[PDB]
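Just so we're on the same page: letters track the sequence lines, and every chain starts at 1.
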2 protein chains.
Amino acid sequence: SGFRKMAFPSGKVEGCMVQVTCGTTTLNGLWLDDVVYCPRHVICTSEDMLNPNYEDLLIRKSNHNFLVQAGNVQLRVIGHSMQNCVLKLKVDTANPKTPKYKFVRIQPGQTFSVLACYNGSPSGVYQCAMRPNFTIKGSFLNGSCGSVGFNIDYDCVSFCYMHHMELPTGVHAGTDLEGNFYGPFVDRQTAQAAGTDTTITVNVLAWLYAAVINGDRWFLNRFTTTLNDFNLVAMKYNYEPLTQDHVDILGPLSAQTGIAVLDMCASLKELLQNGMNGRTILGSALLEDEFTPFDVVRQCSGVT
Amino acid sequence: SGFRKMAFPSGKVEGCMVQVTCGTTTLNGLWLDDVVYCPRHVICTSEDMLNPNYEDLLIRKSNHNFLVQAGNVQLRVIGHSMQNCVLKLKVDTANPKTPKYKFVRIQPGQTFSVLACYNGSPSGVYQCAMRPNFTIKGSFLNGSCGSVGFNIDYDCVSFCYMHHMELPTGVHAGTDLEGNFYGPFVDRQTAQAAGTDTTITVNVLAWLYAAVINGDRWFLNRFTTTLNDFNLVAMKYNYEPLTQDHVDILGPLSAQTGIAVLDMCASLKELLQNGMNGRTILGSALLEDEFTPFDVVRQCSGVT
Ligand SMILES: *CC(=O)N(c1ccc(C)cc1)[C@@H]1C=CS(=O)(=O)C1
Ligand SMILES: *CC(=O)N(c1ccc(C)cc1)[C@@H]1C=CS(=O)(=O)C1
């Protein structure tokens, strides 16, 4: 019993973190096989960041300008290329700690673990969601760029995020491992406002199921609703609209608890309309939206 | 910017987790040098748990009854001993992944990371505090016993917790790595009620500092108070009394923010007396008490 915001074990990714230095800019890189992945803005001074031409800036760079350090040992760079907003540094040694891994571009609502690093040394791990405005609510200080987000399925690390930018509102923007930004963000020190931070409705319902499963049941009510009725309420409270796909995805938690998804929607509706009246659910005073149905099932059935 | 419930990177501890099987009971063990540490109740059937005599139960056990499996490889047990409520299994091979480590018995209010394991495989990592009633609010399913809690100082893992018991109220009890329980708990399936779950006042103030540092300042007020006055309010709301030691410990956050600890106490007092009036602090609708001053300073200054 008990329900916790839980990150994947970070070992397999700790073994991939290196320091990348170009001139006097230092940040984190990801060493997988004989390639080191890092944000392309490693080649910028903060002067450069107001309006950089990365193609022009890169022309002044050579293999030997990219200093890569795995712990204390220096890696030899035999090639560099720009892919979208990341650099790929070909090194002459395959990382012997390379896990099985994939690159995946996640959708908003999907959750992942972040290994926050400074100078290629891991400082801590925490759980995130890709927000519906394609920001993440991270914890990232100066030098944390190149820190990566990941899921682990048994032996396989799926890398979904590389950290690039803190927006002036202290939320975070970054790329998949192909260097394509999530959302409309650019690696440029400009005006970039986040859109509406909408709540991930399907994740809140998953978390309500997690609560039922763990004893917290006070918010179960006598009522039901329809997808269309629930959605009117969702709109009013800047909740993502709930689809039949969301209902389907919640089926296993439905089945296990014996609460129809549309009954749980009616419970959520009442919570949106009445607030929690000073009570808590799984030790929280608001509605948590960064547990996926998959996260709840995993944590509620002890998957490794 | 941004503030997150952050666990230590779990790699160094992932490398110490093994499966311990005695008869038909399986749980997690900690492999450090040529010793495997596990809960002594590995030798019990759940029948045994109502009123076990561990000394008598152990007499029927031999080195060869303790099956230890590190991933797929079986370790050979050349010795076993009972220390308080843990077993120490002497194996014939030192763990080549042994980090630098200490055993430390933490005090209530202190926070640590838990690597939740099943069958010696890590499932996830999360942050905890030892509560003032010597419980922790974990997330632990059947087979999670022998899971350990830890802090990391640079290269050194300080192990402070081994998971033993879920109490009937779905909170968790366990031992330091010398097998001594935190609080009055016993490895026995009996009536064991938790005491008052009091809030860790010094940790809440630390978290209020973390909030100031990160932009959330709405709860700063015009008022100050005294240790004695604040403490009257603390008593009423089941907050730990605040000592001069707590004030001293908060000095660095005081200095960095320019808010006297007694001014922040007055802010907390108003929050206790008036609630948050539907507002949030660092994305939370209640007062977080499982960040230590040391945790806030660490996360706010990018320590690795
Ligand atoms: C994002 C990041 O961590 N940094 C960074 C580097 C370069 C640019 C253009 C923006 C941001 C850190 C800033 C200075 S550093 O320590 O070299 C890395
Ligand atoms: C605590 C724990 O994880 N288990 C356990 C084992 C033995 C006793 C007496 C209590 C609790 C799990 C229960 C069954 S198991 O899978 O063998 C381990």
Side-chain angles (χ1 to χ4, degrees), chain A residues 10-49 52-105 114-123 140 142-150 157-165 173-182 185-188, chain B residues 9 11 304:
Chain A
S10 62
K12 284 179 206 276
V13 182
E14 288 166 64
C16 303
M17 297 318 302
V18 298
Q19 187 189 57
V20 185
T21 296
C22 192
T24 73
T25 299
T26 292
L27 43 58
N28 307 284
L30 183 73
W31 186 18
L32 299 181
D33 301 325
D34 71 334
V35 188
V36 174
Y37 302 83
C38 77
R40 67 176 179 172
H41 70 226
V42 68
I43 67 170
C44 297
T45 72
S46 59
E47 308 75 300
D48 289 326
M49 280 318 276
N53 190 303
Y54 288 98
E55 284 285 352
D56 291 343
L57 281 182
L58 191 46
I59 285 169
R60 314 289 153 200
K61 292 321 172 172
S62 297
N63 285 341
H64 70 257
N65 295 129
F66 297 101
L67 303 164
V68 181
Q69 198 167 318
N72 260 65
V73 101
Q74 207 72 24
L75 313 184
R76 184 182 296 279
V77 179
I78 56 173
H80 68 268
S81 65
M82 184 156 59
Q83 178 170 20
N84 302 312
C85 296
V86 305
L87 299 182
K88 306 193 285 156
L89 305 184
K90 215 199 185 190
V91 281
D92 75 348
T93 304
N95 180 2
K97 303 193 188 130
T98 306
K100 294 152 187 238
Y101 72 85
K102 321 192 156 165
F103 295 165
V104 303
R105 184 176 187 77
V114 172
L115 185 61
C117 299
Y118 302 85
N119 298 94
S121 318
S123 31
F140 288 110
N142 233 259
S144 71
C145 301
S147 293
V148 298
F150 59 96
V157 180
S158 300
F159 290 102
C160 55
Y161 182 84
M162 180 161 269
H163 184 50
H164 287 245
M165 307 294 276
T175 67
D176 64 26
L177 267 296
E178 297 181 343
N180 287 127
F181 265 91
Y182 290 105
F185 307 117
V186 296
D187 48 4
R188 209 204 162 219
Chain B
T304 63

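- Looking only at side-chain heavy atoms (C-beta outward), A:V77 and A:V91 come within less than 4.5 Å of each other.
- The side-chain heavy atoms of A:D187 and A:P39, taken from C-beta on, include no pair separated by under 4.5 Å.
- Side-chain contact between A:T175 and A:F185: absent, with no pair of heavy atoms (C-beta onward) separated by less than 4.5 Å.
- Residues A:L67 and A:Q19 have side chains not in contact (no heavy-atom distance under 4.5 Å, counting atoms from C-beta outward).
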Please lay out, stage by stage, how A:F66 and A:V36 fare under the test side chain to side chain contact (heavy atoms under 4.5 Å, CB included). CA-CA 10 Å; A:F66 297 101; A:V36 174; over 6 Å; no

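- Nearest heavy atom pair, residue A:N84 against residue A:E178, reads ND2-O, 2.7 Å.
- In this structure, the side chains of A:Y54 and A:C44 come closer than 4.5 Å at one or more pairs of heavy atoms.
- Remark: A:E14 CD to A:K97 NZ distance equals 10.0 Å, nearest 0.5 Å.
- Scanning all heavy atoms of the two residues, the minimum distance from A:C117 to A:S147 falls at N-OG, 2.9 Å.
- Summarising the geometry of A:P122 relative to B:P9, their closest heavy-atom pair is CB-CG, 3.6 Å, with the distance given to 0.1 Å.
- Looking at heavy atoms from C-beta onward, A:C145 lies out of side-chain contact with A:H164 at the 4.5 angstrom threshold.
- When every heavy atom of A:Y118 is checked against every heavy atom of A:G143, the shortest pair comes out as CD2-C, 3.7 Å.
- Side-chain N/O atoms of A:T26 and A:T21 include a donor and acceptor closer than 3.5 Å.
- Contact check for A:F150 versus A:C160: no side-chain heavy atoms found under the 4.5 Å cut-off.
- Distance check: A:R40 CZ to A:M82 CE gives 5.5 Å after rounding to the nearest 0.5 Å.
- A:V18 and A:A70 get closest at one heavy-atom pair: CG1-CB, 3.7 Å.
- In this structure, CG on A:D34 lies 6.5 Å from CD1 on A:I78, to the nearest 0.5 angstrom.
- Across all their heavy atoms, A:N95 and A:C16 have their closest contact at ND2-CA, 3.6 Å.
- To the nearest 0.5 Å, atom NE2 of residue A:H41 and atom OG1 of residue A:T25 are 8.0 Å apart.
- Residues passing the salt bridge (charged side-chain N to carboxylate O under 4.0 Å, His left out) test with A:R105, sequence neighbours excluded: A:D176.
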Inset, instruction - Go through the steps for A:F159 and A:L32 under the test side chain to side chain contact (heavy atoms under 4.5 Å, CB included), then give the verdict. - result: CA-CA 11 Å; A:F159 290 102; A:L32 299 181; 3.9 Å; yes

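- Expressed to the nearest 0.5 Å, how far OG of A:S144 lies from CG of A:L115 amounts to 11.5 Å.
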Could you walk me through whether A:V148 and A:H163 satisfy the side chain to side chain contact (heavy atoms under 4.5 Å, CB included) test, starting with their C-alpha distance in whole Å, then the side-chain angles of each, then the deciding distance to 0.1 Å, before giving a yes or no? CA-CA 6 Å; A:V148 298; A:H163 184 50; over 6 Å; no

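- Applying the side-chain hydrogen bond (donor to acceptor under 3.5 Å, both in side chains) rule to pairs touching residues 58-77 of chain A yields A:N63-A:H80, sequence neighbours excluded.
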- Query: Hey, mind stepping through A:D48 and A:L57 against side chain to side chain contact (heavy atoms under 4.5 Å, CB included) and telling me if it holds?
  - Reply: CA-CA 9 Å; A:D48 289 326; A:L57 281 182; 4.0 Å; yes

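- Put simply, the side chain of A:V68 does not reach to within 4.5 Å of the side chain of A:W31, judged on heavy atoms.
- Using the six-membered ring where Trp is involved, A:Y37 and A:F103 have ring planes that are perpendicular, over 60° apart on the 30 and 60° scheme.
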